[PDB]
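[1] just need the structure, nothing else, for what follows:
(2 chains)
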Protein chains: 2
Amino acid sequence: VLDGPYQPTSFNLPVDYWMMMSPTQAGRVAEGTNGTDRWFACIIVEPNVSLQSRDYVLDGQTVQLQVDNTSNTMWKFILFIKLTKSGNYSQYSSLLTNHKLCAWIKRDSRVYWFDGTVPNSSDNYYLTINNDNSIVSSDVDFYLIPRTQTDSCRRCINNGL
Amino acid sequence: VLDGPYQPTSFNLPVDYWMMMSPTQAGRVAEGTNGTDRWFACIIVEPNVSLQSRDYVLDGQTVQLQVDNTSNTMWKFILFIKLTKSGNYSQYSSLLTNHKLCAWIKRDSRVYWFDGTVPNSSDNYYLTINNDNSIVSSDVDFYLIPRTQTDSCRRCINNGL
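    Numbering: from 1, shown residues only, chains lettered A, B, ... in the order given. See below for the structure:
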């Protein structure tokens, strides 16, 4: 039994809690920041998308990102990060899935993120945030799964609900 | 029995031939272009690498690209693409491997590229080039594998030689 779903919102995501987001449409999914040197955001791209430029509102600004999805059946989350307040976002991670679920966690001064392609996704990607009070914003419904139950989260990522 | 290894060189890679490169050092691996609107390149990043800017020479220009490798035991190939002559390169694909083998092919107006994390890699990523005479350059040793033996190439990528 899963703790959720919660409505889109901004809050101080408690540490050691997986935030598992469930978007329905292509576009921005969620963003978060530590305030100093990490502005992260994940977007989702529908199947079968040729290399193209799309506008997204990240950190309150319209930025233009070139995106891709070479899968014909799976949606693709992309994890973008910018390292300065006025810098550009670059792609650092992605998640391929037909369940349209992704998840990140504030743990051990990092943000961990589920990688790869289902049903073989795992919490392999991370970035250092060094801020347990980092604020996260979700545009879509999400669930909270404690760190001790990471495996459960993994199963949800790879098999759906 | 694989055709190779071949010495580093530049040439018009014949269509329907997997070009499988095997570097030994971190840094640039190979480049290629269709000459008009697509310049691609693959670099390789050693294990255990934090977010940083590294220097590469791509299309004859020294550029800074943001790289990471969150694996403790595998090297990470990264596929960068530049979409206009005056533009920048951005990451669009990657391959996690402890065998330090990557491969791309010119087929069906496209370049296909081995994706994911071994031993589950496959030729999932592609970009359109629309030029069968696109020129390719490799800084490292490489092998040629016919398209009819794609799976053999796949096995190499996932299992070594």
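[2] who are the contact partners of the spatially most central residue of chain A?
    Geometric centre of chain A, nearest residue: residue A:42, 4.2 Å, by C-alpha atoms, centre = their mean. Taking C-beta atoms under 8 Å, 6 or more residues apart in numbering or on different chains, we find residue A:42 in contact with A:21, A:29, A:30, A:31, A:77, A:78, A:79, A:80, A:102, A:104. The C-beta positions use only the backbone N, C-alpha and C, and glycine is treated the same way.
[3] in which helix or strand does the fifth one reside?
    The one in question is residue A:77. For residue A:77, the element it lies in under DSSP states H and E is strand A:75-82.
[4] how far away from the center of its chain is that strand?
    Strand A:75-82 sits 7 Å away from the centroid of its parent chain (C-alpha atoms, centre = their mean, to the nearest Å).
[5] what pairs with it, parallel or antiparallel?
    Here strand A:75-82 has these sheet partners by DSSP bridges: strand A:39-45 (antiparallel), strand A:90-97 (antiparallel).
[6] next helix or strand past the longest one?
    Under the assignment DSSP H and E, the closest C-terminal helix or strand after strand A:90-97 is strand A:102-107.
[7] contact partners of that next one?
    With contact meaning C-beta under 8 Å, 6+ apart, strand A:102-107 is reached by A:13-21, A:29, A:32, A:42, A:44, A:77, A:79, A:95, A:111-114, A:123, A:129, A:132, A:134, A:145, A:147, A:150, A:153, A:156-157.
[8] now, those that are in helices?
    Judged by DSSP state H, helices contain the following of the contacts of strand A:102-107: A:150, A:153, A:156, A:157.
[9] ok, the last one touching residue A:116?
    Same thing as residue A:157. No. The criterion here is C-beta atoms under 8 Å, and residue A:157 misses it with residue A:116 at 9.7 Å.
[10] between these two, what contacts are shared?
    Common neighbours of residue A:157 and residue A:116, using C-beta under 8 Å, 6+ apart, are residue A:95.
[11] just the element for the closest residue to residue A:64 other than its chain neighbours, please.
    The shortest distance from residue A:64 to any non-neighbouring residue, by C-beta to C-beta, 6 or more residues apart in numbering or on different chains, is to residue A:53 (5.3 Å). In this assignment (DSSP H and E), residue A:53 forms part of strand A:49-58.
[12] so which other helices or strands are in contact with that strand?
    Contacts defined by 3 or more C-beta pairs under 8 Å, 6 or more residues apart in numbering or on different chains; DSSP states H and E place strand A:49-58 against strand A:27-33, strand A:39-45, strand A:61-69, strand B:125-128.
[13] chain B contacts on chain A?
    Within chain A, the positions adjacent to chain B are A:50-51, A:66, A:68, A:70-71, A:81, A:83, A:90-92, A:115-117, A:120, A:124-128 by C-beta under 8 Å from any C-beta of the partner chain.
[14] list buried residues within those.
    Buried positions within the residues of chain A next to chain B, assessed by neighbour count (16 or more other C-beta atoms under 10 Å in any protein chain shown), are A:68, A:70-71, A:81, A:83, A:90-92, A:115-117, A:125-127.
[15] of all those, which two lie farthest apart?
    Within those, A:71 and A:83 form the most distant pair, 28.6 Å apart (C-beta to C-beta).
[16] out of the contacts of residue A:42, which is nearest to residue B:57?
    Minimum distance to residue B:57 across these is 25.7 Å, recorded for residue A:80 (C-beta to C-beta).
[17] didn't that closest one look like it was pressed against residue A:89?
    Yes. Counting by C-beta under 8 Å, residue A:89 is a contact partner of residue A:80 at 4.0 Å.
[18] spit out the residues that contact these two alike.
    By C-beta under 8 Å, 6+ apart, the residues touching both residue A:80 and residue A:89 are A:41, A:58, A:65.
[19] tell me the most packed of those, by neighbour count.
    residue A:41 (23 neighbours; other C-beta atoms under 10 Å in any protein chain shown).
[20] nearest residue to that one in space, please, no chain neighbours.
    Leaving aside its chain neighbours, residue A:41 sits nearest to residue A:31 (3.7 Å; criterion: C-beta to C-beta, 6+ apart).
[21] and if you look at residue A:23?
    Excluding the flanking residues, the one nearest residue A:23 by C-beta to C-beta, 6+ apart is residue A:140, at 4.2 Å.
[22] the one you found: how many residues sit nearby?
    Counted with other C-beta under 10 Å, residues neighbouring residue A:140 total 19.
[23] show me what the residue nearest to the centre of chain A is bridged to.
    Beta-bridge pairing for residue A:42 (DSSP bridges): residue A:30, residue A:79.
[24] I am finished for the moment; much appreciated.
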